[PDB]
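One file, query.json, is given below (JSON, C-alpha atoms).
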```json
[["chain", "number", "residue", "atom", "x", "y", "z"],
["J", 416, "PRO", "CA", -116.43, -56.25, -115.77],
["J", 417, "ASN", "CA", -118.89, -53.27, -115.44],
["J", 418, "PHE", "CA", -115.85, -50.93, -115.71],
["J", 419, "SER", "CA", -115.99, -47.27, -116.81],
["J", 420, "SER", "CA", -117.19, -46.77, -113.21],
["J", 421, "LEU", "CA", -113.43, -46.49, -113.06],
["J", 422, "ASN", "CA", -112.72, -44.67, -115.48],
["J", 423, "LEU", "CA", -109.53, -43.25, -113.94],
["J", 424, "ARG", "CA", -111.42, -40.08, -113.78],
["J", 425, "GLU", "CA", -112.79, -37.49, -115.05],
["J", 426, "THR", "CA", -110.89, -35.23, -112.71],
["J", 427, "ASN", "CA", -112.25, -33.80, -115.54],
["J", 428, "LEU", "CA", -111.92, -32.62, -119.18],
["J", 429, "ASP", "CA", -111.97, -29.26, -117.27],
["J", 430, "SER", "CA", -113.37, -26.66, -119.57],
["J", 431, "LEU", "CA", -113.75, -24.95, -116.13],
["J", 432, "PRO", "CA", -114.50, -21.17, -115.68],
["J", 433, "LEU", "CA", -110.88, -20.47, -114.44],
["J", 434, "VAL", "CA", -110.39, -17.74, -117.10],
["J", 435, "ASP", "CA", -109.01, -14.16, -117.27],
["J", 436, "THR", "CA", -108.68, -13.99, -121.14],
["J", 437, "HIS", "CA", -111.88, -13.47, -120.54],
["J", 438, "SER", "CA", -109.64, -10.42, -120.62],
["J", 439, "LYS", "CA", -108.74, -8.25, -117.59],
["J", 440, "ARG", "CA", -109.70, -4.97, -119.42],
["J", 441, "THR", "CA", -107.93, -2.28, -117.34],
["J", 442, "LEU", "CA", -110.06, 0.76, -118.37],
["J", 443, "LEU", "CA", -107.94, 3.36, -116.47],
["J", 444, "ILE", "CA", -109.94, 6.64, -116.82],
["J", 445, "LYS", "CA", -107.20, 8.97, -115.43],
["J", 446, "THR", "CA", -109.47, 12.04, -114.95],
["J", 447, "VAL", "CA", -106.86, 14.79, -114.36],
["J", 448, "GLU", "CA", -109.04, 17.69, -113.18],
["J", 449, "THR", "CA", -106.74, 20.73, -113.52],
["J", 450, "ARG", "CA", -107.61, 24.28, -112.49],
["J", 451, "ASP", "CA", -105.54, 26.91, -114.41],
["J", 452, "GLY", "CA", -103.03, 24.03, -115.19],
["J", 453, "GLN", "CA", -102.52, 22.84, -111.56],
["J", 454, "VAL", "CA", -103.84, 19.31, -110.77],
["J", 455, "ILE", "CA", -106.71, 19.63, -108.23],
["J", 456, "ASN", "CA", -107.93, 16.00, -108.54],
["J", 457, "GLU", "CA", -106.75, 12.84, -110.30],
["J", 458, "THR", "CA", -109.88, 10.62, -110.29],
["J", 459, "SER", "CA", -108.11, 7.54, -111.75],
["J", 460, "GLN", "CA", -111.19, 5.30, -112.25],
["J", 461, "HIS", "CA", -109.73, 1.77, -112.67],
["J", 462, "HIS", "CA", -112.68, -0.14, -114.14],
["J", 463, "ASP", "CA", -111.08, -3.59, -113.66],
["J", 464, "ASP", "CA", -113.38, -5.49, -116.02],
["J", 465, "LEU", "CA", -112.92, -9.31, -116.51],
["J", 466, "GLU", "CA", -114.69, -9.90, -119.91],
["C", 384, "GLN", "CA", -130.29, -101.78, -102.49],
["C", 385, "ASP", "CA", -128.09, -101.18, -99.37],
["C", 386, "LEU", "CA", -125.00, -100.68, -101.59],
["C", 387, "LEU", "CA", -127.20, -98.31, -103.72],
["C", 388, "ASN", "CA", -127.89, -96.19, -100.57],
["C", 389, "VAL", "CA", -124.06, -95.62, -100.37],
["C", 390, "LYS", "CA", -123.78, -95.11, -104.20],
["C", 391, "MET", "CA", -126.57, -92.46, -104.09],
["C", 392, "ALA", "CA", -124.63, -90.76, -101.23],
["C", 393, "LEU", "CA", -121.53, -90.60, -103.54],
["C", 394, "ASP", "CA", -123.84, -89.27, -106.34],
["C", 395, "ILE", "CA", -125.04, -86.52, -103.93],
["C", 396, "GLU", "CA", -121.33, -85.85, -103.10],
["C", 397, "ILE", "CA", -120.71, -85.52, -106.92],
["C", 398, "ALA", "CA", -123.76, -83.16, -107.19],
["C", 399, "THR", "CA", -122.15, -81.22, -104.25],
["C", 400, "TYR", "CA", -118.59, -81.31, -105.78],
["C", 401, "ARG", "CA", -120.19, -79.59, -108.80],
["C", 402, "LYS", "CA", -121.38, -76.76, -106.45],
["C", 403, "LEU", "CA", -117.90, -76.57, -104.78],
["C", 404, "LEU", "CA", -116.19, -76.31, -108.24],
["C", 405, "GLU", "CA", -118.88, -73.73, -109.20],
["C", 406, "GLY", "CA", -118.14, -71.78, -105.97],
["C", 407, "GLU", "CA", -114.29, -71.91, -106.09],
["C", 408, "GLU", "CA", -113.77, -70.89, -109.76],
["C", 409, "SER", "CA", -116.33, -68.09, -109.04],
["C", 410, "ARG", "CA", -113.96, -66.84, -106.21],
["C", 411, "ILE", "CA", -111.26, -66.81, -108.96],
["C", 412, "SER", "CA", -113.56, -64.88, -111.44],
["C", 413, "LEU", "CA", -113.88, -61.42, -110.38],
["C", 414, "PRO", "CA", -115.28, -57.79, -110.38],
["C", 415, "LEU", "CA", -114.56, -54.32, -111.84]]
```
Write out the structure in this file as structure tokens.
Amino acid sequence: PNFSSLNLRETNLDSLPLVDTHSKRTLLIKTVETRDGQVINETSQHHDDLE
Amino acid sequence: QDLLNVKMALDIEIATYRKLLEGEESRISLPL
């Protein structure tokens, strides 16, 4: 009876790294470059950071 | 003495019946 080899596993306690809370920090730097008031560029830098 | 040759054969069959009982209850008593 050397059981705990089963042990009906241990498909595990699963503190695994499957996280996004770990938050998905959507730093949306919407750089609206206007000239005179007209939009010339919108450099929308989505830094899509997973903390 | 010639009857005792047959009695000692039965005593070896008893010493063997021990090992058969030892082997069969061990087939009944079993792993993880």
Practice task
Within 10 Å of residue 437 in chain J, counting all atoms listed in the file, which residues show up once you throw out same-chain ones fewer than 3 positions away? Write them as a PyMOL selection string, please.
Solution key: chain J and resi 432-434+440+464-466
Exercise for the section: Select residues of chain C: the criterion is any atom within 8 Å of an atom of chain J, counting all atoms listed in the file; output as number ranges by chain. Expected result: C: 413-415
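The spacing separating CA of residue 443 in chain J from CA of residue 461 in chain J amounts to 4.5 Å.
The interatomic distance for the pair CA of residue 442 in chain J and CA of residue 460 in chain J works out to 7.7 Å.
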Within 9 Å of residue 447 in chain J using all atoms listed in the file, minus same-chain residues under 5 positions, as a compact mmCIF listing (two decimals) with C-alpha atoms, in the frame of the given file:
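Full text of out-v3.txt as output:
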```
# COMPACT_ATOMS: atom_id res chain seq x y z
CA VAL J 454 -103.84 19.31 -110.77
CA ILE J 455 -106.71 19.63 -108.23
CA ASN J 456 -107.93 16.00 -108.54
CA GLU J 457 -106.75 12.84 -110.30
CA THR J 458 -109.88 10.62 -110.29
CA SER J 459 -108.11 7.54 -111.75
```
Handout entry: Atom pair CA of residue 422 in chain J / CA of residue 408 in chain C: separation (Å)
Key =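 Atom-to-atom, CA of residue 422 in chain J and CA of residue 408 in chain C are spaced 26.9 Å apart.
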Exercise on range 451-460 of chain J, axis-aligned box with 8 Å per side, report centre and edge lengths in Å to one decimal, as JSON:
```
{"center_x": -106.9, "center_y": 16.1, "center_z": -111.7, "size_x": 24.7, "size_y": 37.6, "size_z": 23.0}
```
Could you add N, CA and C atoms to chain C and give me the result as a PDB file, in the coordinates of the input?
```pdb
ATOM      1  N   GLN C 384    -129.535-102.949-102.961  1.00  0.00           N
ATOM      2  CA  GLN C 384    -130.290-101.780-102.490  1.00  0.00           C
ATOM      3  C   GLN C 384    -129.526-101.035-101.373  1.00  0.00           C
ATOM      4  N   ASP C 385    -128.881-101.765-100.463  1.00  0.00           N
ATOM      5  CA  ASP C 385    -128.090-101.180 -99.370  1.00  0.00           C
ATOM      6  C   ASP C 385    -126.723-100.647 -99.822  1.00  0.00           C
ATOM      7  N   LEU C 386    -126.106-101.274-100.828  1.00  0.00           N
ATOM      8  CA  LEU C 386    -125.000-100.680-101.590  1.00  0.00           C
ATOM      9  C   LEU C 386    -125.452 -99.440-102.393  1.00  0.00           C
ATOM     10  N   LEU C 387    -126.664 -99.444-102.963  1.00  0.00           N
ATOM     11  CA  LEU C 387    -127.200 -98.310-103.720  1.00  0.00           C
ATOM     12  C   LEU C 387    -127.505 -97.101-102.821  1.00  0.00           C
ATOM     13  N   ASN C 388    -127.812 -97.293-101.533  1.00  0.00           N
ATOM     14  CA  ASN C 388    -127.890 -96.190-100.570  1.00  0.00           C
ATOM     15  C   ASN C 388    -126.534 -95.454-100.433  1.00  0.00           C
ATOM     16  N   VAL C 389    -125.419 -96.196-100.406  1.00  0.00           N
ATOM     17  CA  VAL C 389    -124.060 -95.620-100.370  1.00  0.00           C
ATOM     18  C   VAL C 389    -123.651 -95.029-101.729  1.00  0.00           C
ATOM     19  N   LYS C 390    -124.021 -95.660-102.849  1.00  0.00           N
ATOM     20  CA  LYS C 390    -123.780 -95.110-104.200  1.00  0.00           C
ATOM     21  C   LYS C 390    -124.537 -93.796-104.434  1.00  0.00           C
ATOM     22  N   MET C 391    -125.802 -93.707-104.027  1.00  0.00           N
ATOM     23  CA  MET C 391    -126.570 -92.460-104.090  1.00  0.00           C
ATOM     24  C   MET C 391    -126.024 -91.366-103.154  1.00  0.00           C
ATOM     25  N   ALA C 392    -125.363 -91.724-102.045  1.00  0.00           N
ATOM     26  CA  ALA C 392    -124.630 -90.760-101.230  1.00  0.00           C
ATOM     27  C   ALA C 392    -123.389 -90.199-101.953  1.00  0.00           C
ATOM     28  N   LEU C 393    -122.615 -91.045-102.647  1.00  0.00           N
ATOM     29  CA  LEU C 393    -121.530 -90.600-103.540  1.00  0.00           C
ATOM     30  C   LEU C 393    -122.035 -89.751-104.716  1.00  0.00           C
ATOM     31  N   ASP C 394    -123.219 -90.048-105.249  1.00  0.00           N
ATOM     32  CA  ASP C 394    -123.840 -89.270-106.340  1.00  0.00           C
ATOM     33  C   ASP C 394    -124.338 -87.892-105.870  1.00  0.00           C
ATOM     34  N   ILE C 395    -124.769 -87.789-104.609  1.00  0.00           N
ATOM     35  CA  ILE C 395    -125.040 -86.520-103.930  1.00  0.00           C
ATOM     36  C   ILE C 395    -123.745 -85.757-103.600  1.00  0.00           C
ATOM     37  N   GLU C 396    -122.660 -86.452-103.251  1.00  0.00           N
ATOM     38  CA  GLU C 396    -121.330 -85.850-103.100  1.00  0.00           C
ATOM     39  C   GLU C 396    -120.756 -85.350-104.430  1.00  0.00           C
ATOM     40  N   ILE C 397    -121.039 -86.005-105.561  1.00  0.00           N
ATOM     41  CA  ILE C 397    -120.710 -85.520-106.920  1.00  0.00           C
ATOM     42  C   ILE C 397    -121.562 -84.293-107.299  1.00  0.00           C
ATOM     43  N   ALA C 398    -122.866 -84.312-107.001  1.00  0.00           N
ATOM     44  CA  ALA C 398    -123.760 -83.160-107.190  1.00  0.00           C
ATOM     45  C   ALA C 398    -123.393 -81.947-106.307  1.00  0.00           C
ATOM     46  N   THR C 399    -122.713 -82.206-105.185  1.00  0.00           N
ATOM     47  CA  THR C 399    -122.150 -81.220-104.250  1.00  0.00           C
ATOM     48  C   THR C 399    -120.758 -80.741-104.683  1.00  0.00           C
ATOM     49  N   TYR C 400    -119.906 -81.628-105.205  1.00  0.00           N
ATOM     50  CA  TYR C 400    -118.590 -81.310-105.780  1.00  0.00           C
ATOM     51  C   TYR C 400    -118.703 -80.385-106.985  1.00  0.00           C
ATOM     52  N   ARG C 401    -119.752 -80.565-107.799  1.00  0.00           N
ATOM     53  CA  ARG C 401    -120.190 -79.590-108.800  1.00  0.00           C
ATOM     54  C   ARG C 401    -120.388 -78.192-108.201  1.00  0.00           C
ATOM     55  N   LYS C 402    -121.115 -78.062-107.083  1.00  0.00           N
ATOM     56  CA  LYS C 402    -121.380 -76.760-106.450  1.00  0.00           C
ATOM     57  C   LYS C 402    -120.138 -76.160-105.765  1.00  0.00           C
ATOM     58  N   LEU C 403    -119.200 -76.999-105.326  1.00  0.00           N
ATOM     59  CA  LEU C 403    -117.900 -76.570-104.780  1.00  0.00           C
ATOM     60  C   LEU C 403    -116.962 -76.061-105.885  1.00  0.00           C
ATOM     61  N   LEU C 404    -116.896 -76.747-107.030  1.00  0.00           N
ATOM     62  CA  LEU C 404    -116.190 -76.310-108.240  1.00  0.00           C
ATOM     63  C   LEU C 404    -116.774 -75.005-108.811  1.00  0.00           C
ATOM     64  N   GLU C 405    -118.106 -74.929-108.854  1.00  0.00           N
ATOM     65  CA  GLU C 405    -118.880 -73.730-109.200  1.00  0.00           C
ATOM     66  C   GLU C 405    -118.601 -72.548-108.263  1.00  0.00           C
ATOM     67  N   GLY C 406    -118.449 -72.803-106.960  1.00  0.00           N
ATOM     68  CA  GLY C 406    -118.140 -71.780-105.970  1.00  0.00           C
ATOM     69  C   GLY C 406    -116.676 -71.323-105.951  1.00  0.00           C
ATOM     70  N   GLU C 407    -115.719 -72.217-106.202  1.00  0.00           N
ATOM     71  CA  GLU C 407    -114.290 -71.910-106.090  1.00  0.00           C
ATOM     72  C   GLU C 407    -113.734 -71.181-107.321  1.00  0.00           C
ATOM     73  N   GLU C 408    -114.110 -71.612-108.525  1.00  0.00           N
ATOM     74  CA  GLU C 408    -113.770 -70.890-109.760  1.00  0.00           C
ATOM     75  C   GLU C 408    -114.493 -69.531-109.876  1.00  0.00           C
ATOM     76  N   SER C 409    -115.645 -69.379-109.207  1.00  0.00           N
ATOM     77  CA  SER C 409    -116.330 -68.090-109.040  1.00  0.00           C
ATOM     78  C   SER C 409    -115.587 -67.135-108.076  1.00  0.00           C
ATOM     79  N   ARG C 410    -114.909 -67.644-107.032  1.00  0.00           N
ATOM     80  CA  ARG C 410    -113.960 -66.840-106.210  1.00  0.00           C
ATOM     81  C   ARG C 410    -112.744 -66.379-107.011  1.00  0.00           C
ATOM     82  N   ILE C 411    -112.365 -67.129-108.046  1.00  0.00           N
ATOM     83  CA  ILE C 411    -111.260 -66.810-108.960  1.00  0.00           C
ATOM     84  C   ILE C 411    -111.702 -65.852-110.096  1.00  0.00           C
ATOM     85  N   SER C 412    -113.013 -65.639-110.300  1.00  0.00           N
ATOM     86  CA  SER C 412    -113.560 -64.880-111.440  1.00  0.00           C
ATOM     87  C   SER C 412    -114.478 -63.709-111.023  1.00  0.00           C
ATOM     88  N   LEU C 413    -114.071 -62.487-111.380  1.00  0.00           N
ATOM     89  CA  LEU C 413    -113.880 -61.420-110.380  1.00  0.00           C
ATOM     90  C   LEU C 413    -114.331 -60.029-110.904  1.00  0.00           C
ATOM     91  N   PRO C 414    -114.556 -59.022-110.030  1.00  0.00           N
ATOM     92  CA  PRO C 414    -115.280 -57.790-110.380  1.00  0.00           C
ATOM     93  C   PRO C 414    -114.438 -56.707-111.086  1.00  0.00           C
ATOM     94  N   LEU C 415    -115.125 -55.623-111.472  1.00  0.00           N
ATOM     95  CA  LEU C 415    -114.560 -54.320-111.840  1.00  0.00           C
ATOM     96  C   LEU C 415    -113.608 -53.750-110.743  1.00  0.00           C
TER      97      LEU C 415
END
```
